[PDB]
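The chain below stands alone, shown as structure tokens; this is the form deposited in one PDB entry.
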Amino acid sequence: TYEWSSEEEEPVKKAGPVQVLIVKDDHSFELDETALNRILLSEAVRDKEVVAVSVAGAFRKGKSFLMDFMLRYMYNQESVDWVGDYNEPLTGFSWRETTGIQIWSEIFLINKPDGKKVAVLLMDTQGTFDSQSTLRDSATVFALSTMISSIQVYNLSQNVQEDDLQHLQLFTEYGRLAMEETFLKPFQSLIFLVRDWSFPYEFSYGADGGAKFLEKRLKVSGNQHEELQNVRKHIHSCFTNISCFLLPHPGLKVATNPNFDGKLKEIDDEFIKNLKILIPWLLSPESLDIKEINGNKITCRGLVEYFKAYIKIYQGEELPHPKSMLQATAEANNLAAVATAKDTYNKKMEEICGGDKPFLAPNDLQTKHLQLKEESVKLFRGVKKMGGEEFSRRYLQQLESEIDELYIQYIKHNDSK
């Protein structure tokens, strides 16, 4: 979908959400690999370390409203009035579904304070999120988004309830297994966003009140027991960062109205004030947490391998075993190393004999190929990979065989000139 600009005196492609995880009507789960590759394997982002921002929680609790303002920020980080004009209707940016995961088609490229340009990915994860519902659709889409995310924004209404915390059991024992095998915490940031907070006199709006409130909800106490003692004891060994932000109610007009579409000044003022703090608190350059596993920052190319590894175990009749989750993580970590190594081979061959570049003598083509293949083998060998050397051996063999396939296609192409 293109659209006219005249700001650029030109047509421009229209960014929008893209369905990547799909819960079908028979309750089967499909990953749209094609759609995912189109977004994450493009030349501008493929090699960039990725920040995967997920917003997840129950239907109809303001996830798409909040992501509208996330888009406002990401598109106007330079301006200090990124939020828009108050006597203006909320123009410009809109997300809006069924159970699944959508991603914003445009990957944002941001400079971290130290100067590294990273890629920011935005995800919206929806389901019923009712723990008494007897079907696993919402749990699996929530587990998957969390496994993919480096910032998971858990969007809740009014409180953190025991049943909200029970969903974190999906990653409890995995996080310990992962912990014990990599000697590092498996996840980066978890954020409890409490909407419609009504008790600012007890815990103030925003991050500081949020911290104290969460600390008191997360107390272990034998009145919970029932493995919510457990989840509370283990959540910190899963996540590098855990925090909580309390947000006022937006006012009647916003609540009672699907797509309220009015002047920003009609929204409740305290809510707008805290929303303007929330978004940069989540998404500013210093705040962006790069996806990371086994001490390796993950790229847009690499992240695709985590998508593919996880869908394998989240499909089927039931949720996966915790050891299967860890197996899937180790498999993606090795395949990400394969993709990186294969990529640098591919780019360097492309420079030597792709395009209209002149014919190459076959012996010289071969000698250049062997040198580049061996460089990528050493590159792959040097990556700190999960699973141990026997586990990784089969992935080295896959890299060698995929590089060979590339070389054959270059021979074929070089034979046409």
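Counting begins at 1, following the sequence as shown.
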- Unmodelled stretch of the deposited sequence separating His236 from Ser237, binned as none, 1 to 3, 4 to 9 or 10 or more: none
- 292-300 or 195-203, whichever carries the higher mean Cα B-factor: 292-300
- Item | Mean temperature factor over C-alpha atoms, higher-scoring stretch between 237-245 and 123-131 | 123-131
- Given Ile408, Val12, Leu21, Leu399, the residue at which the Cα B factor reaches its maximum: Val12
- Task: Among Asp343, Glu317, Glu106, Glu331, single out the one with the highest C-alpha B factor in the record, please.
- Result: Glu317
- If you rank every modelled residue in this chain by C-alpha B factor, which third holds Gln77: lowest, middle or highest? highest
- Task: For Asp164, return the chain-relative third of its C-alpha B-factor as stated in the PDB record: lowest, middle or highest.
- Result: lowest
- Message: For the chain shown, is the CA B-factor of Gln158 in the lowest, middle or highest third of its modelled residues?
- Response: lowest
- Can you tell me which third, lowest, middle or highest, the CA B-factor of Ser145 falls into for its chain? lowest
- Message: Splitting the chain's C-alpha B-factors into thirds, which one does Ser28 fall into?
- Response: highest
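The same protein has a further form, the form deposited in another entry, not shown here; the description that follows concerns it.
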- Can you let me know which of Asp137, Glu331, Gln102, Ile290 is the hinge position, looking at how the rigid parts move between this form and the one not shown? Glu331
- Considering a change of 3 Å or more, are the Cα atoms of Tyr407 and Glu33 closer or farther in the other entry than here? farther
- Direction of the Cα shift between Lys348 and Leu41 in the other entry, where the change is 3 Å or more: farther
